[PDB]
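The structure appears below as structure tokens.
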Amino acid sequence: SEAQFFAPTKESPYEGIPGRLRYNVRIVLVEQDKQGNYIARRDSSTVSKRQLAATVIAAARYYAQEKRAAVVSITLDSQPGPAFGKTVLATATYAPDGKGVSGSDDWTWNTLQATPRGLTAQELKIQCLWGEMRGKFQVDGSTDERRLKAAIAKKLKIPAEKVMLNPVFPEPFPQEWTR
């Protein structure tokens, strides 16, 4: 039920609401390799929903303190990559003063989401191939999923019914987990 090692991939402020700084951050799970270097976590399928939630909760609390932000949004991605080369594993928005994003809301925590588990090395590889190859499979402004699924399947020598960008959708997570 503890937070996992993470590294930010993107950080940006939003000051649209006068006197209420928002800080939006995208994070990924990391691990140490044999050489002691940090890399994108190879397999997160054994990471629980509770651990994914604890990671975004801890990151939100960290950034609120460090950037002196009134509001902090954290998105945990499956791995580094383009928009369609990764998926959301967990999310959390934190407003320490209990006034939400607007400054007149009545919440401290919102947009609490976490997938039931992380992804396997194979699921992560499929996502990476999806992101790299999809540009060659554009037909009338949309991805030809049938042909993209088949080309990944042929490359990895696996069935096409195992090929998808999002193998596991996020779920809400309880408010009591943030206490």
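Quick note on naming: the chains in the structure tokens go A, B, ... in the order shown, residues restart at 1 in each chain, and ligands are numbered from 1 in order of appearance.
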Original post:
Would you give me, as a PyMOL selection string, the residues in region 55-143 of chain A that DSSP reads as strand (DSSP E or B)?
Top reply: chain A and resi 71-77+88-94+109-114+117+138-139+142-143
Any chance you can output those residues with C-alpha atoms as a compact mmCIF listing (two decimals), in the first residue's frame?
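That gives us again-v9.txt:
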```txt
# COMPACT_ATOMS: atom_id res chain seq x y z
CA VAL A 71 -3.78 22.74 -6.95
CA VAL A 72 -1.77 19.77 -8.26
CA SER A 73 -2.82 17.27 -10.93
CA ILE A 74 -0.80 14.04 -11.29
CA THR A 75 -1.14 11.53 -14.16
CA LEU A 76 0.75 8.24 -13.97
CA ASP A 77 1.46 6.87 -17.47
CA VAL A 88 -3.07 6.13 -17.88
CA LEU A 89 -2.42 3.87 -14.87
CA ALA A 90 -3.59 6.40 -12.19
CA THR A 91 -4.67 10.02 -11.58
CA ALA A 92 -5.18 12.38 -8.61
CA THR A 93 -5.91 16.09 -8.13
CA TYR A 94 -4.94 17.67 -4.77
CA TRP A 109 -8.93 15.29 -3.39
CA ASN A 110 -10.66 14.63 -6.74
CA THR A 111 -10.31 12.70 -10.05
CA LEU A 112 -9.09 9.66 -8.15
CA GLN A 113 -8.39 6.87 -10.63
CA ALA A 114 -6.22 3.77 -10.72
CA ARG A 117 -2.86 -3.46 -11.96
CA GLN A 138 -3.99 6.09 -40.95
CA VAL A 139 -7.12 5.69 -43.14
CA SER A 142 -8.54 7.08 -38.13
CA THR A 143 -6.20 4.17 -37.35
```
Subject >> For residue 95 (chain A): contacts at 10 Å, only C-alpha atoms, fewer than 5 positions along chain excluded, given as a count of residues only >> reply: 20
**OP:** Output as a ChimeraX atom specification all residues of chain A that backbone DSSP marks as alpha helix (DSSP H).
**Re:** /A:49-67,121-133,145-156
Quick one: contact table of region 109-150 of chain A to region 164-174 of chain A, 9 Å max, nearest atom pair and distance in Å to one decimal per residue, counting only C-alpha atoms, chain and number order, as JSON lines?
```
{"residue": "A:111", "atom": "CA", "partner": "A:172", "partner_atom": "CA", "distance": 7.7}
{"residue": "A:112", "atom": "CA", "partner": "A:173", "partner_atom": "CA", "distance": 5.5}
{"residue": "A:113", "atom": "CA", "partner": "A:172", "partner_atom": "CA", "distance": 4.2}
{"residue": "A:114", "atom": "CA", "partner": "A:170", "partner_atom": "CA", "distance": 5.0}
{"residue": "A:115", "atom": "CA", "partner": "A:170", "partner_atom": "CA", "distance": 4.0}
{"residue": "A:116", "atom": "CA", "partner": "A:170", "partner_atom": "CA", "distance": 7.2}
{"residue": "A:117", "atom": "CA", "partner": "A:168", "partner_atom": "CA", "distance": 7.8}
{"residue": "A:118", "atom": "CA", "partner": "A:168", "partner_atom": "CA", "distance": 8.3}
{"residue": "A:119", "atom": "CA", "partner": "A:167", "partner_atom": "CA", "distance": 8.0}
{"residue": "A:123", "atom": "CA", "partner": "A:167", "partner_atom": "CA", "distance": 7.3}
{"residue": "A:124", "atom": "CA", "partner": "A:165", "partner_atom": "CA", "distance": 8.7}
{"residue": "A:126", "atom": "CA", "partner": "A:165", "partner_atom": "CA", "distance": 7.0}
{"residue": "A:127", "atom": "CA", "partner": "A:165", "partner_atom": "CA", "distance": 5.1}
{"residue": "A:128", "atom": "CA", "partner": "A:165", "partner_atom": "CA", "distance": 8.7}
{"residue": "A:130", "atom": "CA", "partner": "A:165", "partner_atom": "CA", "distance": 6.6}
{"residue": "A:131", "atom": "CA", "partner": "A:165", "partner_atom": "CA", "distance": 8.5}
{"residue": "A:145", "atom": "CA", "partner": "A:164", "partner_atom": "CA", "distance": 8.8}
{"residue": "A:149", "atom": "CA", "partner": "A:164", "partner_atom": "CA", "distance": 7.1}
```
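For the pair CA of residue 68 (chain A) and CA of residue 21 (chain A), the separation is 8.2 Å.
When only C-alpha atoms are used to measure the gap to residue 147 (chain A), the shortest distance among A:7, A:133, A:65, A:25 belongs to A:133.
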